[PDB]
Structures are given as structure tokens and as C-alpha cells.
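Undergrad: One structure is given below, represented as C-alpha cells, and several questions about it will come after.
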Amino acid sequence: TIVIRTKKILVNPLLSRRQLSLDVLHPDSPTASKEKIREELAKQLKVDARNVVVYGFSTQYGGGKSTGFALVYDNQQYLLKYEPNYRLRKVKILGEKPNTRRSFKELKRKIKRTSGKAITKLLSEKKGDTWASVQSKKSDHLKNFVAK
Amino acid sequence: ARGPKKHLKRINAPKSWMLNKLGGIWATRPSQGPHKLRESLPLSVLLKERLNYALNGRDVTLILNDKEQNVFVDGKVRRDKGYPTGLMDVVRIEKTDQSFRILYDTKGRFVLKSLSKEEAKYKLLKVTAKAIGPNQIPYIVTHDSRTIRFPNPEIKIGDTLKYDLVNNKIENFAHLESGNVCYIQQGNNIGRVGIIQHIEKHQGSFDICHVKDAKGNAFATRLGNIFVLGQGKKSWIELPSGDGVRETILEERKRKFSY
Amino acid sequence: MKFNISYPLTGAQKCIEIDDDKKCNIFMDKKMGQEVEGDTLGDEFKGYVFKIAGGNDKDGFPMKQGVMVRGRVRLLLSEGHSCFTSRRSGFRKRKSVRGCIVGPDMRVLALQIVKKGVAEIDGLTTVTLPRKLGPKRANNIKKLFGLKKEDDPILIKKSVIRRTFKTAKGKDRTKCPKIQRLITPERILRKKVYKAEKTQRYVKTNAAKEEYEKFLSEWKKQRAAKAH
RNA sequence: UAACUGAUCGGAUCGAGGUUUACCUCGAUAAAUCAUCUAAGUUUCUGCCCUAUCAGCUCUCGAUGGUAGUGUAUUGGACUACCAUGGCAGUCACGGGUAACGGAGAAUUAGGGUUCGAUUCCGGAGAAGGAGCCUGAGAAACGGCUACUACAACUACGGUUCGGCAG
RNA sequence: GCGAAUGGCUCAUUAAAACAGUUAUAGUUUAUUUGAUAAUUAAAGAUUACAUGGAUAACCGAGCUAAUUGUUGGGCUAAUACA
Ligand SMILES: [Mg+2]
Ligand SMILES: [Mg+2]
Ligand SMILES: [Mg+2]
Ligand SMILES: [Mg+2]
Ligand SMILES: [Mg+2]
Ligand SMILES: [Mg+2]
Ligand SMILES: [Mg+2]
Ligand SMILES: [Mg+2]
Ligand SMILES: [Mg+2]
Ligand SMILES: [Mg+2]
Ligand SMILES: [Mg+2]
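Protein chains in written order, with the deposited numbering: chain AP, 2 to 149; chain AW, 2 to 260; chain AY, 1 to 228.
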């Protein structure tokens, strides 16, 4: 079985979450997948699964333990407003970050070297995943949510 | 050197912040403000390192750009990540109603002194200059860069006013003389607290004062680093708990580990 | 030689070719910003008056005005010059420019119709270019729309031009400009509040001054009564 | 208290929430003076390796000082006019050399030493070589311009380059 | 508007020079920060304050070069721009 000692607990109203250090004891088993650690933690603290973010796990040498960290947001509204985007992808909420640099710098090339009309015509074609689209997928996912 | 320097490297950031040697290249360069760069504790460190309310950079930004107005210094809102919260300032976090005072402990690192509500109204101010202003209006200036008008005329230079931050009205004051209580803002004697024995003026340059504490160890420091804590043996502030008495490492080890 | 002919009212622009050395003898050694009879050019130009507004070299070089020489000269162009664009604040460049004086080395001349004669060239008379971008500023509306100064702001509101157009998608849409300078309640409020700030300044200062004064006299009464 | 200049400033700018809307409550920003922060310019005292096959040095336009100016952000021979004859040197001047940027430091170390520090930090300097500028609060900027010396890229030869790896 | 004067690179120059530790600025400059001030808008002229005036870019339209982040003429309208 998985035991979870919950260690250092800071109540953070500012970001409206609880910050957590975690100790997982898995004496007979491989390092615990985050799905399981999430679920066991939620079982302990009575909150929703998708209200808890679990991160940064270190199994020690010899394999009885892992130490990790957790976050529990008050509402998934906040959680959806605070966690950064690569994390929302780990949780499948957001998407892929496509290849930015190359595009952006060749666009920089062409943009610098012409004037307004053409510039706008290039900007229409930019490969970016817009901040608009981000907040849109966030809101939409907040609209597809069901409270526990 | 072509003008102003906009960066700060972690190795060069003051020891008082207790930053990790290995934590990065840069640290946060304190903003121009009420306090000097070396006497600054910036907000970003106040939140990230001390309170741990912010885990990283992004987080700090979140707190200080959130429409909700989370952090207060001397009653006034601050949204600037590098705002130089200095000595004697009262920083207050609206969400938890935590009210802290910015201080140095005997080891010269920055500390947040938890204050109850009655403490948090008051803040200690130290007179820098005293002049007649325009229109023949007497004025006074403070370490936190206040300018105070129509001061009580008895107030001399280098005194300590007790300032009501609700009323913006100086309440009581005391000056630098034999027999008052000090805190020491800068020195190898930084953080120590004591009764002024006397003051010697050398008049070319630098005037030195001597100090005692509750235990009876003498100190000395230049006048500039003395900050007055009230009249008598009583201080108008709740001190971080050393009470302002330095401990020999022998004393430290004894009391801590029972040797 | 090639002539780019623009005329201001219609907003007419056409450009013309003349291979006659004899026909182009006229503009030779005429400085820019000069008046030309159109007659000596061609028959369709009978009765025409042109202003020589500029031109271009064989190599593309435009003529700067006031540079008086025929052919190219190199200059140091600071900001606020023709032929120039500042990439940066203080910016200067060595540039090759064409002089004011028209030689055969010029491929192109820019011509401004001043007085059009009897002769009728198609694109001068044929065209009427529309009015896009009506007036924006409040007062400019009032003027160009013929309204009184004493008049109500809502009359300015109601008289602003509408734009109506068909989207490339085939949609039907209408766009309106915003009036700048407009007198609204908000402007007046802000004004009232600023004047308030002032009056508060000297009021508060006065009250302080008097508070200090009376406290003073009390304190000296105590101070001197401590002396005896 | 005289006058003087008008080439200082003395808000024709923006949001938001609203008590239902003719009035409140929060803010954004522009800018002058004085403090304050930040940084700089200059600046006091003291301290560098080898060399005498360097013993005198500096002063025809500044060498040391004095005067009026001028210039500068300011002080000053910083610069000018006049005046004086000083200023430094065996306690090493002046002049060479350095496969010399200075420190924080590094390798060795009984003790005393020896030998390194181009290189994480702080100063200083430079952007191929020299000079000169623009604009700024700050620049002699160099991922700014002008010229020359020496070079780099296009050219239809007439022209051109957002030409400068000690990023 | 603001920034581009930080950062990054290199050690060629440099022997009281730079640098270091100690000072002075009562001999100065400082954009952005924090605090505090502000009753008179010189005179002549002008004077609407329920708020003044003329322009220009983007845009539309016509061009020049073999050539570039070159720009030339023409028609429009904003500003916390310029008065
Ligand atoms: Mg991202
Ligand atoms: Mg900042
Ligand atoms: Mg002094
Ligand atoms: Mg409203
Ligand atoms: Mg050496
Ligand atoms: Mg360096
Ligand atoms: Mg220095
Ligand atoms: Mg390289
Ligand atoms: Mg030498
Ligand atoms: Mg010296
Ligand atoms: Mg025009």
C-alpha cells in the first residue's frame, strides 16, 4: 500500500491555495505515479482530484521513500488562473506548445524589412498560440467542469 | 561607465537577504525608493524567501499585479516587485491581516516582526534634517524619506518620532541623549539594542556613541547608526526575540544545547 | 522623358511619356517649384499650367529642394529633411541626392496642374475621388458641417459621418469615428475636481498654519511659566 | 529693497465603479521646486614588479604659483592675457622594460618565504587603427552616425550596404 | 512614449597611471523611485474655458532605380504629437 505523510503545510490565501511538502512511503514498490499520490492525498484532505497539483518528486536511494510537493487550490477557478501553462498540459487541459523560435525570428526578419500593410499581412500568418486562445480554452474548460 | 546599472548578481546581493549561493546568477535589484539599496529588503524577497507565499518569480508577479491589492507598506499599497521596504517599515498583507515590522536581528539578517493591531498603527521615524521651508514654514525630514511639516519645535535633529500611520500625526518623540534606548541600524554592532552611555563629538568628521545592554556589555558606533527606541529603558517597539542582546557563541551553545 | 502628373482637386494621378528632345527642351534648366506653360509640350496640353514639384534620376534619386545644382550631390541628412528617415533619435546619413535643376539625366518629373486649359486629358476631368475619413475633432466637425459654436454637443454627435461597407466575406457592416475634443460630463467633472484639489491645498495649509500658531502660543505660555 | 529675463513652472490629458445620471468614490499620466533614493564626475591620505649599459628632470608657449577673465555640471594652467621663477629629484626624480590590466584571490607552505592571478565578484579600459559627432537624464556609445588609414559585401559601373565574431 | 548607456565579450593600452582601503563635494550632475510643496497664469498683444489652432503617419492613389529597413510627388483624418 501507499502511505502518505503530509509534512510542511503553508496556508496561502494570497494565491488561495495550500502549499505542501509530501512524503510517500512505498516500501515494496516502485516510485508512485502522480495519479495515485494525488488520489491518496485528496482522500486524506477531502478535496477534489483536479483541485490538487502534485509536483517535483524525489525517490531516495534504496527505494522506500519519495519526497514531493503538492498544491491544493480552494476552487478550480483559482487553480485554473494560477498554475502556468506547461502544467495545464501535464493535466491535459491545454495543448502543445508548438515550435516558436524559428518562425518568430524569420517573422522578425521580414517585419523589420518592410512597412505597415505588408507587416500586418505577415502578422496574420504568425505561428503563435495566442494569449486570447489560451484564456479561451481556459474559460471553456471552466465551463465544462462539474463540482465533485 | 556609460550611466546607470540596472542589474544585480546573486553573489553581490547583501548577506542580510540570505539568498542561496547556487540559486541563480542574478537576484532582484532593489528599486529606487525610501531606503538605500543595501538597507533595502525588496518585496520580491519578502514574499518569495521569507513568507514563502510566492514559490517563484511568476508567483510574485501574480501577487503584485492581482487587481485585489495584496500588499501594504506604511499603509500605502505597493505593486512594485523591487520596492525597497526598509528599517522600521510596517508591511501588512491584506488577505491574512498579517502585520510585520522590518528589522535586523543581532546577526544582521532581515526579520519580519509579527505585530498585533495596536503596534501596526505606529511606526518609528528618525529625524534626518530640520529646516525652515518656503513661506517660512518649519520642516523636518526622516530616514524613510518623509517630509514632515510644522513639527513640534522642540524636535531636534536625529531624534525619533513615534508616528501614527492612520492619522499621519507625530505622537511622541525622544532625542539622542544619555539614557535613552537604541537599536543600531548599521554596523558590526547591527541589531544590538541599548542604553546610551554618552556621546563624543570629534567635529572633524564622525561622532561616536557608546551603549550598554541589559546584560551590561558596552558598544560603540558612529552617530549615524544609532536609532532611538523611546525614553527610559523602555522601547516603543516589540523587538525580534533576542530582545536586542547579543549572545556569545558560548552563551548560544550553552542555552540552546545545554552545555 | 516621363512625367508623373498629379492634380489636387479630383485627386487625379496619371503619368505620361514623351520621347521628343524638342518637346522636353522646355523643362531644361528650370529649378523645381517653377511654373511651366503646358502649350509648348503637346497639343493635349494647350493652355495648361504646371508646377515642377520634384522628380527622379535615372538611378532613382529624388530631387531635394534648395539644393541648387544639376545632377547628384552627397549630403549629410539630419532629421526633418526630405529624402531621409531617422532610424534613431540623433540620426544622420550620407545620402546621394538629385539637385533642383532639371537636366536630361532625369527620367522622371513630378507635375502639379495649376491652371488647366481647354484641352481635356481623361483622368483629370473624368474622375472624382471620394471622401473617406470625415472630420474627427469636435470643432472640425462643427466647422466643416457648418454648426454654431454656442451649439449643443449632441448636435455634433448626430452630425458625425457614418461609414457603411461590405466585408470581403460578403457581410454588411457600419463603422463610426470617435470625437476627440468633445465636451462631455466627464471632462467637466475632472476640471471641477482639480480646482477642488487647489482650493484644498491652500485651505489645509492655512488651517495647519493657524493650528501650529495657537499651539505655539500655548506652549510658550507653559514654557515661560516654567521659568519663574 | 531695487530692477532684469520671459528661454522656468503655475493640467485644453486619460480610466474605473457607481448609489439613477447630476452627483459621488477610487485610480492612470504629464510636469516645476526641495528633499530622497540610484549612479556618475571630480577628490584627500597611503600602498605597485625589473632597470643607473636611465642622473638630472619640467619651462617657446604651462612647467610651479599669483591675478582678472573664459569655459564647464561643477573645482582647477582645464584654457587665455598679464606677472613671478618656480615644481620634482640618491627617502631614485626623469627615462627604459614588463611574454603588466589592479584588486577579491590561487599553488606551495614548520616558521619567515617563494611564485602566480587573461578568466565567476568589484573597479578600469576597448569594439580593426585614429579622430569627430548626433540624441539623450546618462555616450565620445560602437550590435549609433561622419571622415581618413587598412580592410568586408552587392553593382547592369553610376551606384549601394541594418559592413565591423575582443556577444 | 520608453528602452536601446544595462547586460554579454576581451585584456591591447596602463607603473602613482588604473586599482585598493580611507576621505572630500561647503566644487557638481542625475531619466525612472519615495516624501513634501504649490491662492497670483509677467508686460504688449491676445483672451472660448461647457475647452483654442493649424498640420502629418498609417490608409487610398500615382512613381523612380539593376540594386538596399531608399524614398519622390498627390488625396485623407487623430492625438499626452506640434502650437
Ligand atoms: Mg507558455
Ligand atoms: Mg523595477
Ligand atoms: Mg560632513
Ligand atoms: Mg461612468
Ligand atoms: Mg601581476
Ligand atoms: Mg568585468
Ligand atoms: Mg570608484
Ligand atoms: Mg565567437
Ligand atoms: Mg614607465
Ligand atoms: Mg593619488
Ligand atoms: Mg499631403
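Cβ atoms here follow ideal geometry from the backbone N, Cα and C, with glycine treated the same way.
Measuring CB atoms only, is the segment 145-156 of chain AW touching the segment 221-233 of chain AW, in the sense that at least three cross pairs come out at less than 8 Å?
TA: Segments in contact, no.
Undergrad: One question on the structure: do residue 83/AY and residue 58/AY come within less than 8 Å of each other, judged by their Cβ atoms?
TA: No, the Cβ-Cβ distance between residue 83/AY and residue 58/AY is not below 8 Å.
Undergrad: What does the alpha-carbon distance come out to for the pair residue 196/AW and residue 128/AW?
TA: Distance between the alpha carbons of residue 196/AW and residue 128/AW: 19 Å.
Undergrad: If we count the other Cβ atoms within 10 Å of its Cβ and call it buried at 16 or more, is residue 202/AY buried or exposed?
TA: Per the 10 Å Cβ criterion, exposed.
Undergrad: Tell me the start and end of each unbroken beta strand (DSSP E) in the segment 141-222 of chain AW that is at least 3 residues and wholly inside, in chain order.
TA: Listed in chain order, the complete beta strand (DSSP E) runs (minimum 3 residues) inside the segment 141-222 of chain AW are 148-150, 161-165, 170-175, 182-185, 194-201, 209-213.
Undergrad: Looking at C-alpha atoms only, which residue of 114/AP, 28/AP, 87/AP is the closest neighbour of residue 135/AP?
TA: When only C-alpha atoms are compared, the closest one is 87/AP.
Undergrad: Which residues in the same chain as residue 239/AW place their Cβ atom closer than 8 Å to its Cβ, once the five residues preceding and following it in sequence are excluded?
TA: Once the five neighbours on either side are set aside, the close Cβ partners of residue 239/AW are 102, 114, 116, 120.
Undergrad: Using a threshold of 8 Å, state whether the C-beta atoms of residue 108/AY and residue 4/AY are closer than that.
TA: A contact, by the Cβ cut-off of 8 Å.
Undergrad: Could you check the C-alpha separation between residue 187/AW and residue 226/AW for me, to the nearest Å?
TA: Rounded to the nearest angstrom, the two C-alpha atoms are 5 Å apart.
Undergrad: Whose CA, out of 216/AW, 185/AW, 217/AW, 38/AW, lies closest to the CA of residue 210/AW?
TA: Checking every option, the nearest Cα to that of residue 210/AW belongs to 185/AW.
Undergrad: Who sits around ligand 1, taking every residue whose Cβ is closer than 7 Å to one of its heavy atoms?
TA: Here the list is 85/AP, 86/AP, 87/AP, 98/AP.
Undergrad: Would you say residue 71/AW reaches chain AP, if we count a Cβ-Cβ gap shorter than 8 Å as a contact?
TA: It does: the Cβ of residue 71/AW has a partner Cβ on chain AP nearer than 8 Å.
Undergrad: Would you check if the distance between the CB atom of residue 30/AY and the CB atom of residue 112/AY is smaller than 8 Å?
TA: No, the pair does not count as a contact, with Cβ atoms beyond the cut-off.
Undergrad: With three or more C-beta pairs closer than 8 Å as the rule, is the segment 46-64 of chain AW touching the segment 8-16 of chain AP?
TA: Yes: the two stretches touch, three or more of their Cβ pairs being nearer than 8 Å.
Undergrad: Exposed or buried, which one is residue 160/AW when buried takes at least 16 other CB atoms within 10 Å?
TA: By the 10 Å Cβ count, residue 160/AW comes out buried.
Undergrad: Looking only at C-alpha atoms, which of 46/AY, 205/AY, 228/AY sits nearest to residue 119/AY?
TA: Comparing Cα-Cα distances from residue 119/AY to each of 46/AY, 205/AY, 228/AY, the minimum goes to 46/AY.
Undergrad: Classify residue 68/AY: buried if its beta carbon has 16 or more other beta carbons within 10 angstroms, exposed otherwise.
TA: Exposed: under 16 other Cβ atoms inside 10 Å.
Undergrad: For residue 98/AW, count neighbouring C-beta atoms within 10 Å of its own C-beta (all shown protein chains included) and say buried if the count is 16 or more, exposed if not.
TA: With fewer than 16 Cβ atoms within 10 Å of its Cβ, residue 98/AW is classed as exposed.
Undergrad: Give the interface partners of residue 208/AY over in chain AW, defined as CB-CB distance under 9 Å, in chain order.
TA: Going along chain AW in sequence order, the residues near residue 208/AY (Cβ under 9 Å) are 138, 150, 151.
Undergrad: Does residue 10/AP pass the burial test, meaning 16 or more other C-beta atoms within 10 Å, or should it be called exposed?
TA: Residue 10/AP is exposed by the Cβ-count criterion.
Undergrad: Hey, residue 42/AY and residue 117/AY: beta-carbon distance below 8 Å or not?
TA: Not in contact: residue 42/AY and residue 117/AY (Cβ atoms no closer than 8 Å).
Undergrad: Taking any Cβ of chain AP, which residues in the segment 117-143 of chain AW have a Cβ under 8 Å from it, in chain order?
TA: Correct list: empty, as no residue qualifies.
Undergrad: Over what stretch of residues does the alpha helix (DSSP H) that includes residue 117/AP continue unbroken?
TA: That run of the alpha helix (DSSP H) goes 117-124.
Undergrad: Count the other CB atoms, across all protein chains shown, that sit within 10 Å of the CB of residue 72/AP; report buried if there are 16 or more and exposed otherwise.
TA: Looking at its Cβ environment, which holds 16 or more other Cβ atoms inside 10 Å, residue 72/AP is buried.
Undergrad: Can you confirm whether residue 212/AY, when its beta carbon is compared against all beta carbons of chain AW, has any partner nearer than 8 Å?
TA: Output row for residue 212/AY: interface = yes.
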